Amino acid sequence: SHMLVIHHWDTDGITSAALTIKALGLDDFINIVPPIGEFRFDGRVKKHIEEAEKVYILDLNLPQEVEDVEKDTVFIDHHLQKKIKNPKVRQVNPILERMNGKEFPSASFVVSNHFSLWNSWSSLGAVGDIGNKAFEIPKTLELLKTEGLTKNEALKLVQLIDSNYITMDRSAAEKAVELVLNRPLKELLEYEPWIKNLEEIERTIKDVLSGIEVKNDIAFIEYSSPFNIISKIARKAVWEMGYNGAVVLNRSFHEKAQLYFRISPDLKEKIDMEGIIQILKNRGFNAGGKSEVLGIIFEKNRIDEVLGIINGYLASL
(Lines of atoms letter the chains of each structure in order from A and count residues from 1; the text may use other names and numbers.)
(Lines give C-alpha, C1' and ligand atoms only; values in the text may rest on other atoms or scores of the structure.)
Protein backbone atom coordinates (compact mmCIF):
# COMPACT_ATOMS: atom_id res chain seq x y z
CA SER A 1 0.00 0.00 0.00
CA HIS A 2 3.07 2.23 0.30
CA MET A 3 6.51 2.84 -1.20
CA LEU A 4 9.42 2.90 1.26
CA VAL A 5 12.87 4.36 0.54
CA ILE A 6 15.53 3.62 3.17
CA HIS A 7 18.76 5.49 2.47
CA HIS A 8 22.10 6.62 3.92
CA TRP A 9 22.16 9.84 5.95
CA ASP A 10 24.89 11.67 4.01
CA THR A 11 24.72 13.65 0.76
CA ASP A 12 25.43 10.47 -1.21
CA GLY A 13 22.42 8.73 0.30
CA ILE A 14 20.07 11.73 0.28
CA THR A 15 20.73 12.51 -3.39
CA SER A 16 20.36 8.80 -4.20
CA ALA A 17 16.94 8.86 -2.52
CA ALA A 18 15.81 11.90 -4.51
CA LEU A 19 17.06 10.34 -7.76
CA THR A 20 15.18 7.12 -6.98
CA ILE A 21 11.99 8.96 -6.03
CA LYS A 22 12.04 11.02 -9.21
CA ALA A 23 12.89 8.12 -11.54
CA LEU A 24 9.97 6.07 -10.21
CA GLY A 25 7.44 8.89 -10.64
CA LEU A 26 6.33 8.43 -7.03
CA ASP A 27 3.48 10.57 -5.71
CA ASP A 28 3.16 8.70 -2.39
CA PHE A 29 6.38 7.63 -0.66
CA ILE A 30 7.96 7.31 2.78
CA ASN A 31 11.69 8.02 3.05
CA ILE A 32 13.61 7.21 6.24
CA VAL A 33 17.19 6.70 7.43
CA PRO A 34 18.56 4.26 10.02
CA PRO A 35 19.98 5.79 13.21
CA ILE A 36 23.13 7.76 12.41
CA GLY A 37 26.28 5.76 13.07
CA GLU A 38 24.43 2.62 14.19
CA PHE A 39 24.60 0.73 10.88
CA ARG A 40 21.64 -1.50 11.74
CA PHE A 41 17.87 -1.48 11.44
CA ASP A 42 16.06 -0.38 14.60
CA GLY A 43 12.40 -0.73 15.55
CA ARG A 44 11.30 2.27 13.49
CA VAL A 45 12.87 1.00 10.25
CA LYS A 46 11.59 -2.55 10.78
CA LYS A 47 8.00 -1.36 11.26
CA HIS A 48 7.99 0.69 8.04
CA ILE A 49 9.22 -2.38 6.15
CA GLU A 50 6.25 -4.46 7.30
CA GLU A 51 3.76 -1.70 6.43
CA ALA A 52 5.23 -0.84 3.03
CA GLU A 53 4.62 -2.84 -0.15
CA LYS A 54 8.00 -2.36 -1.86
CA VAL A 55 11.27 -1.21 -0.29
CA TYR A 56 14.30 0.54 -1.78
CA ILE A 57 17.56 0.51 0.22
CA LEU A 58 20.24 2.95 -0.94
CA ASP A 59 23.94 3.47 0.01
CA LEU A 60 23.60 1.25 3.10
CA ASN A 61 26.51 -1.25 3.35
CA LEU A 62 24.47 -3.45 5.78
CA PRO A 63 23.45 -6.63 3.84
CA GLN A 64 23.10 -8.79 7.03
CA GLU A 65 19.95 -6.73 7.77
CA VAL A 66 18.62 -6.85 4.20
CA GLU A 67 18.99 -10.64 4.27
CA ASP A 68 15.99 -10.88 6.65
CA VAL A 69 13.62 -8.58 4.71
CA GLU A 70 10.37 -10.32 3.73
CA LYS A 71 9.26 -7.69 1.17
CA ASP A 72 10.01 -7.12 -2.50
CA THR A 73 13.24 -5.12 -2.21
CA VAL A 74 15.71 -3.46 -4.56
CA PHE A 75 19.06 -2.93 -2.80
CA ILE A 76 21.40 -0.47 -4.56
CA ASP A 77 24.88 0.20 -3.17
CA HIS A 78 28.49 0.81 -4.16
CA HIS A 79 30.32 -0.40 -1.05
CA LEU A 80 32.31 -3.61 -1.04
CA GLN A 81 29.81 -6.11 0.34
CA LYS A 82 28.66 -9.73 0.37
CA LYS A 83 26.25 -11.17 -2.19
CA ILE A 84 22.72 -11.27 -0.76
CA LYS A 85 21.06 -14.69 -0.88
CA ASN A 86 17.50 -13.51 -0.10
CA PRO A 87 15.57 -14.01 -3.38
CA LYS A 88 13.14 -11.20 -2.56
CA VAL A 89 16.09 -8.78 -2.80
CA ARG A 90 17.44 -7.64 -6.18
CA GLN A 91 20.99 -6.52 -5.46
CA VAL A 92 22.44 -3.87 -7.79
CA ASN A 93 26.14 -3.31 -7.06
CA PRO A 94 28.72 -2.44 -9.75
CA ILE A 95 31.43 -4.09 -7.66
CA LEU A 96 29.83 -7.51 -7.23
CA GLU A 97 28.76 -7.29 -10.90
CA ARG A 98 32.54 -7.08 -11.61
CA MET A 99 32.28 -3.67 -13.37
CA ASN A 100 34.85 -0.98 -12.62
CA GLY A 101 34.30 0.83 -9.32
CA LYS A 102 36.05 3.97 -10.55
CA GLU A 103 33.18 4.39 -13.01
CA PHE A 104 30.87 4.38 -9.95
CA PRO A 105 32.36 6.71 -7.31
CA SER A 106 29.11 7.06 -5.35
CA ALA A 107 25.73 5.43 -4.91
CA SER A 108 24.31 8.42 -6.82
CA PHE A 109 26.21 7.33 -9.94
CA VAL A 110 25.01 3.74 -9.44
CA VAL A 111 21.41 4.91 -9.04
CA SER A 112 21.68 7.23 -12.04
CA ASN A 113 23.09 4.43 -14.22
CA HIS A 114 20.38 2.09 -12.90
CA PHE A 115 17.57 4.46 -13.93
CA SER A 116 19.47 6.29 -16.73
CA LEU A 117 18.57 9.56 -14.99
CA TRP A 118 21.49 12.00 -14.80
CA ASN A 119 21.19 15.43 -13.18
CA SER A 120 23.05 17.57 -10.66
CA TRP A 121 22.04 15.29 -7.77
CA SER A 122 24.15 12.61 -9.47
CA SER A 123 27.16 14.90 -9.10
CA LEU A 124 26.41 15.83 -5.47
CA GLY A 125 26.47 12.17 -4.46
CA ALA A 126 29.89 11.76 -6.05
CA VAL A 127 31.21 14.90 -4.35
CA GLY A 128 29.82 13.72 -1.02
CA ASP A 129 31.77 10.44 -1.21
CA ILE A 130 35.11 11.22 -2.88
CA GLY A 131 35.12 14.98 -2.58
CA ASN A 132 37.26 16.94 -5.01
CA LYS A 133 38.22 13.78 -6.90
CA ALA A 134 34.69 13.63 -8.34
CA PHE A 135 35.52 16.69 -10.44
CA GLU A 136 38.18 14.67 -12.28
CA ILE A 137 35.23 12.79 -13.81
CA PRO A 138 33.83 14.97 -16.63
CA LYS A 139 30.27 13.82 -15.92
CA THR A 140 30.35 15.67 -12.58
CA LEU A 141 31.14 19.21 -13.74
CA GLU A 142 28.97 18.87 -16.85
CA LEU A 143 25.87 18.01 -14.82
CA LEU A 144 26.66 20.72 -12.27
CA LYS A 145 27.05 23.14 -15.20
CA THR A 146 23.42 22.70 -16.33
CA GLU A 147 22.31 24.05 -12.93
CA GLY A 148 24.97 26.79 -13.11
CA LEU A 149 26.91 25.59 -10.07
CA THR A 150 30.63 25.94 -9.37
CA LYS A 151 32.96 23.40 -7.81
CA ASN A 152 32.89 25.25 -4.48
CA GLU A 153 29.09 25.58 -4.62
CA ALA A 154 28.73 21.78 -4.71
CA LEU A 155 31.34 21.30 -1.97
CA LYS A 156 29.39 23.80 0.13
CA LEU A 157 26.17 21.91 -0.59
CA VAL A 158 27.74 18.67 0.65
CA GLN A 159 28.62 20.35 3.94
CA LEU A 160 25.11 21.81 4.31
CA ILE A 161 23.33 18.52 3.56
CA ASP A 162 25.81 16.53 5.67
CA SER A 163 25.28 19.01 8.52
CA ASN A 164 21.96 17.31 9.31
CA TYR A 165 23.34 13.83 9.98
CA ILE A 166 26.39 15.19 11.83
CA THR A 167 24.05 16.97 14.27
CA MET A 168 22.21 13.63 14.74
CA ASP A 169 18.92 14.92 13.25
CA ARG A 170 17.15 11.92 11.74
CA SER A 171 14.13 14.06 10.85
CA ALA A 172 16.15 16.85 9.20
CA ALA A 173 18.26 14.31 7.32
CA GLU A 174 15.09 12.65 6.04
CA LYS A 175 13.43 15.97 5.15
CA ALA A 176 16.55 16.95 3.17
CA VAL A 177 15.30 14.53 0.50
CA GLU A 178 12.09 16.55 0.07
CA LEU A 179 14.02 19.82 -0.08
CA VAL A 180 16.36 18.52 -2.80
CA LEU A 181 13.34 17.12 -4.66
CA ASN A 182 11.31 20.34 -4.43
CA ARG A 183 13.92 23.12 -4.54
CA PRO A 184 16.79 24.01 -6.89
CA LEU A 185 20.21 23.22 -5.47
CA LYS A 186 21.23 26.86 -5.81
CA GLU A 187 18.27 27.78 -3.57
CA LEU A 188 19.34 25.33 -0.85
CA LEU A 189 22.72 27.11 -0.67
CA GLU A 190 20.72 29.84 1.13
CA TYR A 191 18.66 27.47 3.32
CA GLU A 192 19.02 28.97 6.80
CA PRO A 193 18.36 25.82 8.92
CA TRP A 194 21.23 24.00 7.23
CA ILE A 195 23.51 27.05 7.49
CA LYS A 196 22.91 27.27 11.25
CA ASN A 197 23.96 23.63 11.64
CA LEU A 198 27.21 24.11 9.71
CA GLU A 199 28.52 27.04 11.79
CA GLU A 200 28.35 24.94 14.97
CA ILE A 201 30.01 21.96 13.25
CA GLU A 202 33.08 23.76 11.87
CA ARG A 203 33.69 25.34 15.28
CA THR A 204 33.65 21.93 16.99
CA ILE A 205 35.81 20.26 14.32
CA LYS A 206 38.65 22.73 14.96
CA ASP A 207 38.81 21.45 18.54
CA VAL A 208 39.42 17.86 17.45
CA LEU A 209 41.99 18.96 14.86
CA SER A 210 43.95 20.71 17.64
CA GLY A 211 44.64 17.50 19.57
CA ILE A 212 46.09 15.29 16.84
CA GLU A 213 49.36 13.36 16.85
CA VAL A 214 51.38 11.69 14.11
CA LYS A 215 53.66 8.70 13.50
CA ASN A 216 55.02 7.36 10.19
CA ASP A 217 53.02 10.14 8.48
CA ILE A 218 49.85 8.57 9.95
CA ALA A 219 47.54 10.87 11.92
CA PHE A 220 46.16 9.56 15.23
CA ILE A 221 43.16 11.68 16.29
CA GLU A 222 41.34 10.83 19.53
CA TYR A 223 38.30 12.69 20.88
CA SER A 224 34.95 12.37 22.66
CA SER A 225 31.78 13.88 21.20
CA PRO A 226 28.12 13.12 20.38
CA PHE A 227 28.45 14.55 16.85
CA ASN A 228 29.15 12.17 13.96
CA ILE A 229 32.18 14.17 12.84
CA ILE A 230 34.41 11.08 12.61
CA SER A 231 33.70 10.86 8.83
CA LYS A 232 34.99 14.37 8.11
CA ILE A 233 37.86 14.25 10.62
CA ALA A 234 39.42 11.29 8.82
CA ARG A 235 38.91 13.05 5.48
CA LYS A 236 40.26 16.38 6.73
CA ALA A 237 43.35 14.64 8.15
CA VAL A 238 44.15 12.78 4.91
CA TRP A 239 42.49 14.78 2.12
CA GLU A 240 43.27 18.33 3.32
CA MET A 241 46.17 18.14 5.77
CA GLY A 242 47.97 15.66 3.48
CA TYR A 243 48.78 12.81 5.87
CA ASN A 244 49.17 9.32 4.43
CA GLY A 245 46.73 7.78 6.91
CA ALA A 246 44.35 8.72 9.68
CA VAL A 247 43.12 6.65 12.62
CA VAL A 248 40.25 8.54 14.26
CA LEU A 249 38.73 7.31 17.53
CA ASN A 250 35.54 8.63 19.17
CA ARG A 251 35.35 7.19 22.67
CA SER A 252 31.86 8.38 23.65
CA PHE A 253 29.56 8.27 20.62
CA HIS A 254 26.24 7.79 22.43
CA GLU A 255 27.26 5.07 24.89
CA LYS A 256 29.33 3.33 22.19
CA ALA A 257 32.76 3.72 20.65
CA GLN A 258 33.51 4.67 17.06
CA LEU A 259 36.74 4.31 15.07
CA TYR A 260 37.61 5.30 11.51
CA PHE A 261 40.71 4.31 9.52
CA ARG A 262 41.25 6.15 6.22
CA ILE A 263 44.36 5.97 4.04
CA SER A 264 45.55 7.80 0.96
CA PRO A 265 45.83 6.12 -2.46
CA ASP A 266 49.60 5.94 -1.86
CA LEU A 267 49.06 3.41 0.96
CA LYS A 268 46.15 1.71 -0.83
CA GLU A 269 48.44 -1.09 -2.00
CA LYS A 270 50.58 -1.53 1.12
CA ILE A 271 47.47 -1.89 3.33
CA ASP A 272 44.71 -4.40 2.65
CA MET A 273 41.70 -2.44 3.83
CA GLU A 274 39.42 -5.26 2.66
CA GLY A 275 41.16 -7.86 4.80
CA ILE A 276 41.05 -5.61 7.86
CA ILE A 277 37.29 -5.38 7.35
CA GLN A 278 36.88 -9.16 7.27
CA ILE A 279 39.05 -9.64 10.37
CA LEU A 280 36.90 -7.08 12.20
CA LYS A 281 33.66 -8.67 10.96
CA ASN A 282 34.79 -12.18 11.96
CA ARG A 283 35.57 -10.79 15.46
CA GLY A 284 31.93 -9.66 15.79
CA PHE A 285 32.52 -5.96 15.13
CA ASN A 286 30.00 -3.82 13.24
CA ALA A 287 32.58 -2.81 10.64
CA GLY A 288 32.44 -1.84 6.98
CA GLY A 289 34.08 0.37 4.42
CA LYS A 290 35.92 0.54 1.12
CA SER A 291 39.42 -0.11 -0.20
CA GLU A 292 40.71 3.10 1.44
CA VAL A 293 38.45 3.74 4.47
CA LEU A 294 37.38 1.83 7.58
CA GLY A 295 34.38 2.39 9.83
CA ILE A 296 33.52 0.67 13.12
CA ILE A 297 30.97 1.13 15.89
CA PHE A 298 31.54 -1.09 18.89
CA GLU A 299 31.51 -1.37 22.67
CA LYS A 300 33.73 1.00 24.63
CA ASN A 301 35.60 -1.81 26.39
CA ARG A 302 36.89 -3.15 23.04
CA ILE A 303 38.79 0.04 22.18
CA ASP A 304 42.18 -1.46 23.02
CA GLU A 305 41.33 -4.59 21.03
CA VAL A 306 40.50 -2.51 17.93
CA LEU A 307 43.60 -0.35 18.31
CA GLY A 308 45.80 -3.43 18.58
CA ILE A 309 44.41 -4.88 15.35
CA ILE A 310 45.07 -1.71 13.35
CA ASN A 311 48.43 -0.88 14.91
CA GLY A 312 49.20 -4.44 13.81
CA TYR A 313 48.92 -3.63 10.10
CA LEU A 314 50.45 -0.18 10.72
CA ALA A 315 53.55 -1.80 12.25
CA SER A 316 54.53 -3.45 8.94
CA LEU A 317 54.91 -0.12 7.09
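Start at 1 with the first residue shown and count on from there.
- Judged by mean Cα B factor in the deposited record, 65-73 ranks above the other of 65-73 and 254-262.
- Across the two stretches, 104-112 and 206-214, the PDB entry reports the greater mean Cα temperature factor for 206-214.
- Across 133, 82, 156, 232, the entry's maximum B-factor at the CA atom is seen for 82.
- Across the options 58, 287, 271, 249, the residue with the most elevated CA B-factor in the record is 271.
- Residue 6: CA B factor lies in the lowest third for its chain, per the PDB record.
- Sort the modelled residues of the chain by CA B factor and residue 200 lands in the highest third.
- Among the modelled residues of its chain, residue 141 has a C-alpha B-factor that falls in the middle third, as given in the PDB entry.
- Sort the modelled residues of the chain by CA B factor and residue 151 lands in the middle third.
- In the PDB entry, residue 87 places in the highest third of its chain by CA B-factor.
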